[PDB]
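What follows is a short report on a single structure.
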Amino acid sequence: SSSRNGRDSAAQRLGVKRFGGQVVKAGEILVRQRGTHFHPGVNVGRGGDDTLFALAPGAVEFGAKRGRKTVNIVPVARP
Amino acid sequence: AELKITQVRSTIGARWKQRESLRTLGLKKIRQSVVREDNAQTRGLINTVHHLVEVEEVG
Amino acid sequence: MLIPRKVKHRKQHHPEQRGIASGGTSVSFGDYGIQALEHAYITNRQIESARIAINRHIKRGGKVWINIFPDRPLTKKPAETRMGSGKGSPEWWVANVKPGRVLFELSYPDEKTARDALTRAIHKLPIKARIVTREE
Amino acid sequence: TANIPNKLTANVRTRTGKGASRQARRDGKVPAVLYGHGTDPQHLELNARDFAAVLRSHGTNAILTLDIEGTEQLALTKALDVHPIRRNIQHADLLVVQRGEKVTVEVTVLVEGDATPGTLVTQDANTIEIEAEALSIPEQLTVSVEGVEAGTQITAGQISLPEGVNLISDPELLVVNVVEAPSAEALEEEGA
Amino acid sequence: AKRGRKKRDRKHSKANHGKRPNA
RNA sequence: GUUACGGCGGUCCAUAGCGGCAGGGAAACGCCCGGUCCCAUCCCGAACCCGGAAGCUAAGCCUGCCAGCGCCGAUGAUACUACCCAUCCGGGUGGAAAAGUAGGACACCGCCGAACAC
RNA sequence: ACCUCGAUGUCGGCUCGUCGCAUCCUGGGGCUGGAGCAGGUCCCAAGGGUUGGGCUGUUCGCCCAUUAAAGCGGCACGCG
RNA sequence: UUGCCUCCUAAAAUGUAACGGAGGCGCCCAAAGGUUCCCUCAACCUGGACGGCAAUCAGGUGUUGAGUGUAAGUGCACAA
RNA sequence: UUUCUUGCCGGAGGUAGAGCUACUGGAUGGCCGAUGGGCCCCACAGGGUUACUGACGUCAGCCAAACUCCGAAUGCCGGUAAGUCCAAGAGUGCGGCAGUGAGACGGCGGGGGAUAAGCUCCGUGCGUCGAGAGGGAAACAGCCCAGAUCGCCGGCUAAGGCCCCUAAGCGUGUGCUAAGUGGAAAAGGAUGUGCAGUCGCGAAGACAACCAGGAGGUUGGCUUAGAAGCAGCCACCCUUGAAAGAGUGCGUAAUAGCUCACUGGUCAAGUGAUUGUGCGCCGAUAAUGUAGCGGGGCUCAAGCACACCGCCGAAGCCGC
Ligand SMILES: [Mg+2]
Ligand SMILES: [Mg+2]
Ligand SMILES: [Mg+2]
Ligand SMILES: [Mg+2]
Ligand SMILES: [Mg+2]
Ligand SMILES: [Mg+2]
Ligand SMILES: [Mg+2]
Ligand SMILES: [Mg+2]
Ligand SMILES: [Mg+2]
Ligand SMILES: [Mg+2]
Ligand SMILES: [Mg+2]
Ligand SMILES: [Mg+2]
Ligand SMILES: [Mg+2]
Ligand SMILES: [Mg+2]
Ligand SMILES: [Mg+2]
Ligand SMILES: [Mg+2]
Ligand SMILES: [Mg+2]
Ligand SMILES: [Mg+2]
Ligand SMILES: [Mg+2]
Ligand SMILES: [Mg+2]
Ligand SMILES: [Mg+2]
Ligand SMILES: [Mg+2]
Ligand SMILES: [Mg+2]
Ligand SMILES: [Mg+2]
Ligand SMILES: [Mg+2]
Ligand SMILES: [Mg+2]
Ligand SMILES: [Mg+2]
Ligand SMILES: [Mg+2]
Ligand SMILES: [Mg+2]
Ligand SMILES: [Mg+2]
Ligand SMILES: [Mg+2]
Ligand SMILES: [Mg+2]
Ligand SMILES: [Mg+2]
Ligand SMILES: [Mg+2]
Ligand SMILES: [Mg+2]
Ligand SMILES: [Mg+2]
Ligand SMILES: [Mg+2]
Ligand SMILES: [Mg+2]
Ligand SMILES: [Mg+2]
Ligand SMILES: [Mg+2]
Ligand SMILES: [Mg+2]
Ligand SMILES: [Mg+2]
Ligand SMILES: [Mg+2]
Ligand SMILES: [Mg+2]
Ligand SMILES: [Mg+2]
Ligand SMILES: [Mg+2]
Ligand SMILES: [Mg+2]
Ligand SMILES: [Mg+2]
Ligand SMILES: [Mg+2]
Ligand SMILES: [Mg+2]
Ligand SMILES: [Mg+2]
Ligand SMILES: [Mg+2]
Ligand SMILES: [Mg+2]
Ligand SMILES: [Mg+2]
Ligand SMILES: [Mg+2]
Ligand SMILES: [Mg+2]
Ligand SMILES: [Mg+2]
Ligand SMILES: [Mg+2]
Ligand SMILES: [Mg+2]
Ligand SMILES: [Mg+2]
Ligand SMILES: [Mg+2]
Ligand SMILES: [Mg+2]
Ligand SMILES: [Mg+2]
Ligand SMILES: [Mg+2]
Ligand SMILES: [Mg+2]
Ligand SMILES: [Mg+2]
Ligand SMILES: [Mg+2]
Ligand SMILES: [Mg+2]
Ligand SMILES: [Mg+2]
Ligand SMILES: [Mg+2]
Ligand SMILES: [Mg+2]
Ligand SMILES: [Mg+2]
Ligand SMILES: [Mg+2]
Ligand SMILES: [Mg+2]
Ligand SMILES: [Mg+2]
Ligand SMILES: [Mg+2]
Ligand SMILES: [Mg+2]
Ligand SMILES: [Mg+2]
Ligand SMILES: [Mg+2]
Ligand SMILES: [Mg+2]
Ligand SMILES: [Mg+2]
Ligand SMILES: [Mg+2]
Ligand SMILES: [Mg+2]
Ligand SMILES: [Mg+2]
């Protein structure tokens, strides 16, 4: 007459936060995730909870490097 | 080549991109028509609202 | 009765019962088969009745292939009870059938007896089916 | 034993798509594609009625002589996409072929004759793969059952294979297995 | 269930186009 | 510049892999010989580390050829789908797979050094 | 949980009905494993009829004496 | 049943309800923290006294099927 | 103009679909054949025989919300070129004043329920009602059409319609229906009818009707009283041949007989069988009164399908 379940946790709002070709500031976090689904690419660092962030200003762009999806920051030219 | 677009249906019950495509075409009421160039932007803009308008080329 | 020895989850959603059978639409084991034409939930009750019908009709020697398995459980909450208090306990088993899927297949020497046993089986099913031969 | 190619007419599909295919299928025509070493996937409508007629007369595996707008080509049916229910042929695949060309194919195997009465003959593999020339392709080949002894298996390696044709399947693929006819107290003991 | 069937089916008129409130 | 060379790399990292057959030892790359010294084994100079040039293409390395396994893979059709018609059925216009077939592939590109006419 | 909580009175019996037929009797039949007598089953048929008591608050139900028969239901489980 | 965490529902961004479907948490480890360097498992075949498929030894095959304190998910053999 | 729309460009997904020898589980039938099962010679060595059970493996066909070697359309994030631009009366920021926080049905995707509810719970740059008048659906918040500034004794249309009620067609052409189907319903039954597709024979005369037959080996062997061919087993044999069936139905309970499937005949052209459909039939069945077209009436269609030709029709659009 009772359900032995009915509990869940809060949604953590994970996922890609900046997509390809998007200009970011240095320090912006770019994708929140659990494991390493996206590996840190060139000029992109990885946080303690596996959060990828940008170590330099530029444009986001994804890639594959030896069978590993990677995220990179590309230096846009100064006008 | 360029087209004339005449609105035949109305926007009651119409979804929002359809009404906005009609507004972007510059026509507001039924039986109102506009004339415009036959590029890909217009072709898509009327592809959205083909059920609401009718078009014919000039010449 | 055909019952799976265990299912990973014992309370699933109702099988989506749309589309045309893509897999399992040909007669391969025996020479004549029963091939479906409507979406349904063929329970193990129907399958057992149909198989016994075929065996009673042919009754001598011939192979009956039940190439569908009832392994999807439909639950039913106990009677006289209101809505709520969670999902019920599973208490019958089902194969999800699409129009196109050969349900039963038969191998037997002659023609008319085989056809008659197949239609005897068909009468026990909740769907329209047709007898299909090993050739195009 | 050369098989005479069958003469169909075909004409190039003007425009492609599911709408075009549905319309053509609605006008009693079959959409099909030529390919092979002709290195040109060529999209051809052909008569549905004549296609079905020649497939009846000479099975799935039969050479055709296609008349493409006057040009004359030799073709061989590679695959047929058929509806599971309405059973109409939807699409056809046509390798281009010429004389003296070995090609791999799948040929139906129809057991012939009566067996010894106490047991039933049952085929597991109805089709056997063979390597054979374009014209010399057998539409069907037979396997012998004439009063076998007690239950025994038959494999592709002991079949009377035609001349000019070569087995492709591994010789130890079972085709027809004679299995003892279930007794009264054995037939209804399996299935639950 | 005559009332329900007969109300539910008058949605299939030409002027209603297979739809009607309360089905 | 030539190289049946040695390194360091790259490629939405197998079209590059596995396997099979046939070759090579210029310098190189290795194996090989020893443990005096740095250093080392949860025991072992097997490994790692240090010294040497008696023997070798048997491997590693590299070269050539095989499509047997693994990999890649269309065109067309189909599934599915957005929007729109459409009194259930169903259809039209755009997008379009997976599987399968034709086939492809025994990698390609770069920068330094070695020997060689220079 | 759709109307009714600034009120839609709740069981059984009485009185009075009214309609359906899914027929209890009476009327017309087909098949019978229907000789007759008497039945079984199905079909057609709604004009009229369809009892009085004991036990129980009883409906239901059990029984007693009959009867051609002692029909089943809808109507705010008809009717304060 | 009430707070937290993980998954499915949840319709390929995020988010998404029900007394919907399944489980965990209220800790643990002074190393199970930091850095430096080194290594590759599980399983299978073959050969070995106890010793049996199974315990430790040796040869081979083995690219991830083992393991990751602890649920589940995302990860990790470049190794976490 | 930052908003929104459309085209193009740069992205990340794991849904629909599919696949599974790519994993985790389920799961069908074969094949070889263990280990473990029994037995012989005879030991509990060893060897082989046997319904063995039959690890593993392998062939073929499959299944999954919490499976994935794969995998869209849409949506979403950004950029970019334009569009609209005497307007969307658009974004964003600050402030003053709010109301709201009981939603409903319909389309599509789903959970709960019995893949019930005019049920309940979610998603939707989905709609309408709420908060919407006008036209259609007989009447009928939520369905279709269309958004009411006012006036007019003007015109054109939309959904729906054009025999009479009732505005406009008892419209034209070609077909279908006999059920008042149209104007409710299922499994399933059925020489209804139209069209299309193959198949067996067929003027060397076939299907029907009409006659002569339907035999010799020989009542085939099974438990019983007779299975003889007609309870229930084993299946498909020769001679005359044409015509004889290990004998088709009745019935003789067993036989017999009546017959039949099968050849000979006079007869005179079609005759039998499927498959795809277009319309119909039965199943069909409740209680105040026809009462499941709104009515009259309609097949001499006013029914249905396909083409075409007009018209009527709103507070929509135009005219003043
Ligand atoms: Mg979560
Ligand atoms: Mg850390
Ligand atoms: Mg931490
Ligand atoms: Mg779904
Ligand atoms: Mg299938
Ligand atoms: Mg599948
Ligand atoms: Mg049935
Ligand atoms: Mg009912
Ligand atoms: Mg509804
Ligand atoms: Mg490879
Ligand atoms: Mg050398
Ligand atoms: Mg040394
Ligand atoms: Mg060598
Ligand atoms: Mg080497
Ligand atoms: Mg691959
Ligand atoms: Mg394609
Ligand atoms: Mg309809
Ligand atoms: Mg593919
Ligand atoms: Mg409610
Ligand atoms: Mg009220
Ligand atoms: Mg009240
Ligand atoms: Mg009052
Ligand atoms: Mg009162
Ligand atoms: Mg009152
Ligand atoms: Mg009364
Ligand atoms: Mg009656
Ligand atoms: Mg009566
Ligand atoms: Mg009577
Ligand atoms: Mg009688
Ligand atoms: Mg009278
Ligand atoms: Mg009393
Ligand atoms: Mg009464
Ligand atoms: Mg009352
Ligand atoms: Mg009453
Ligand atoms: Mg009263
Ligand atoms: Mg009173
Ligand atoms: Mg999501
Ligand atoms: Mg989504
Ligand atoms: Mg919500
Ligand atoms: Mg708990
Ligand atoms: Mg650690
Ligand atoms: Mg440490
Ligand atoms: Mg080892
Ligand atoms: Mg844009
Ligand atoms: Mg894009
Ligand atoms: Mg992508
Ligand atoms: Mg997922
Ligand atoms: Mg699916
Ligand atoms: Mg599972
Ligand atoms: Mg899935
Ligand atoms: Mg605009
Ligand atoms: Mg405005
Ligand atoms: Mg505003
Ligand atoms: Mg509240
Ligand atoms: Mg609320
Ligand atoms: Mg709501
Ligand atoms: Mg509601
Ligand atoms: Mg829904
Ligand atoms: Mg629910
Ligand atoms: Mg509701
Ligand atoms: Mg909704
Ligand atoms: Mg209100
Ligand atoms: Mg209104
Ligand atoms: Mg509104
Ligand atoms: Mg609409
Ligand atoms: Mg007019
Ligand atoms: Mg109209
Ligand atoms: Mg009136
Ligand atoms: Mg008039
Ligand atoms: Mg008309
Ligand atoms: Mg007339
Ligand atoms: Mg007329
Ligand atoms: Mg006419
Ligand atoms: Mg009728
Ligand atoms: Mg009627
Ligand atoms: Mg009906
Ligand atoms: Mg029938
Ligand atoms: Mg008919
Ligand atoms: Mg007898
Ligand atoms: Mg006889
Ligand atoms: Mg006769
Ligand atoms: Mg009328
Ligand atoms: Mg007007
Ligand atoms: Mg106006």
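Just so we're on the same page: first chain in the structure tokens is A, next is B, and so on; residues restart at 1 for each chain, and ligands are numbered from 1 in the order they show up.
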field: Residue list (helix (DSSP H, G or I), DSSP) for chain C, as JSON, numbers by chain
entry: {"C": [44, 45, 46, 47, 48, 49, 50, 51, 52, 53, 54, 55, 56, 57, 58, 112, 113, 114, 115, 116, 117, 118, 119, 120, 121, 122]}
task: Go through the chains and note each residue within 10 Å of ligand 67, using only C-alpha atoms (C1' of nucleotides) and all ligand atoms, then give the set as JSON, numbers by chain.
output: {"I": [157, 158, 159, 160, 161]}
message: Just the number, please: distance in Å from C1' of residue 252 in chain I to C1' of residue 218 in chain I, one decimal.
response: 21.6 Å
Computed interatomic separation between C1' of residue 93 in chain I and CA of residue 24 in chain A (Å):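 Distance between the two atoms: 23.2 Å.
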Nearby polymer residues, ligand 8, at most 12 Å, only C-alpha atoms (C1' of nucleotides) and all ligand atoms, as a PDB file with N, CA, C and O atoms (P, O5', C5', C4', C3', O3' and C1' of nucleotides), in the first residue's frame:
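Below is the file part17.pdb, written as the result:
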```pdb
ATOM      1  N   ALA E   1     -23.996   2.682 -22.952  1.00  0.00           N
ATOM      2  CA  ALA E   1     -22.984   3.646 -23.355  1.00  0.00           C
ATOM      3  C   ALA E   1     -23.382   4.318 -24.656  1.00  0.00           C
ATOM      4  O   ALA E   1     -22.540   4.819 -25.387  1.00  0.00           O
ATOM      5  N   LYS E   2     -24.685   4.313 -24.932  1.00  0.00           N
ATOM      6  CA  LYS E   2     -25.205   4.940 -26.141  1.00  0.00           C
ATOM      7  C   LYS E   2     -24.972   6.442 -26.150  1.00  0.00           C
ATOM      8  O   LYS E   2     -24.590   7.005 -27.178  1.00  0.00           O
ATOM      9  N   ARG E   3     -25.227   7.116 -25.034  1.00  0.00           N
ATOM     10  CA  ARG E   3     -25.058   8.563 -25.014  1.00  0.00           C
ATOM     11  C   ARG E   3     -23.606   8.944 -25.260  1.00  0.00           C
ATOM     12  O   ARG E   3     -23.315   9.845 -26.054  1.00  0.00           O
ATOM     13  N   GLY E   4     -22.677   8.250 -24.601  1.00  0.00           N
ATOM     14  CA  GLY E   4     -21.270   8.544 -24.796  1.00  0.00           C
ATOM     15  C   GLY E   4     -20.798   8.265 -26.208  1.00  0.00           C
ATOM     16  O   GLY E   4     -20.127   9.092 -26.819  1.00  0.00           O
ATOM     17  N   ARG E   5     -21.149   7.099 -26.749  1.00  0.00           N
ATOM     18  CA  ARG E   5     -20.749   6.785 -28.119  1.00  0.00           C
ATOM     19  C   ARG E   5     -21.306   7.804 -29.094  1.00  0.00           C
ATOM     20  O   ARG E   5     -20.594   8.293 -29.976  1.00  0.00           O
TER      21      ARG E   5
ATOM     22  P     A I 116      -6.676   0.866 -23.113  1.00  0.00           P
ATOM     23  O5'   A I 116      -7.794   1.264 -22.061  1.00  0.00           O
ATOM     24  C5'   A I 116      -7.989   2.606 -21.650  1.00  0.00           C
ATOM     25  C4'   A I 116      -9.360   2.749 -21.057  1.00  0.00           C
ATOM     26  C3'   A I 116      -9.773   4.117 -20.568  1.00  0.00           C
ATOM     27  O3'   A I 116     -10.219   4.930 -21.633  1.00  0.00           O
ATOM     28  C1'   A I 116     -10.444   2.437 -19.032  1.00  0.00           C
ATOM     29  P     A I 185     -21.216   0.824 -38.435  1.00  0.00           P
ATOM     30  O5'   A I 185     -20.517   0.150 -37.179  1.00  0.00           O
ATOM     31  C5'   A I 185     -19.373   0.723 -36.569  1.00  0.00           C
ATOM     32  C4'   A I 185     -18.927  -0.109 -35.398  1.00  0.00           C
ATOM     33  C3'   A I 185     -18.883  -1.604 -35.651  1.00  0.00           C
ATOM     34  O3'   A I 185     -17.651  -1.989 -36.230  1.00  0.00           O
ATOM     35  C1'   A I 185     -20.016  -1.166 -33.617  1.00  0.00           C
ATOM     36  P     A I 186     -17.499  -3.358 -37.043  1.00  0.00           P
ATOM     37  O5'   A I 186     -16.791  -4.326 -36.007  1.00  0.00           O
ATOM     38  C5'   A I 186     -15.590  -3.933 -35.362  1.00  0.00           C
ATOM     39  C4'   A I 186     -15.127  -4.967 -34.370  1.00  0.00           C
ATOM     40  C3'   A I 186     -15.062  -6.396 -34.882  1.00  0.00           C
ATOM     41  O3'   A I 186     -13.852  -6.668 -35.558  1.00  0.00           O
ATOM     42  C1'   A I 186     -16.218  -6.356 -32.836  1.00  0.00           C
TER      43        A I 186
END
```
task: Skip residue 18 in chain F itself and residues of its chain fewer than 6 positions away, then list as a VMD selection string all residues within 12 Å of it, counting only C-alpha atoms (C1' of nucleotides).
output: chain F and resid 68 to 71 106
Those same residues, written as a PDB file, in the first residue's frame with C-alpha atoms (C1' of nucleotides)?
```pdb
ATOM      1  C1'   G F  68      42.171 -14.728 -44.904  1.00  0.00           C
ATOM      2  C1'   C F  69      40.324 -12.287 -40.248  1.00  0.00           C
ATOM      3  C1'   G F  70      39.502  -6.918 -38.176  1.00  0.00           C
ATOM      4  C1'   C F  71      38.658  -1.759 -40.251  1.00  0.00           C
ATOM      5  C1'   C F 106      48.571  -3.984 -46.301  1.00  0.00           C
TER       6        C F 106
END
```
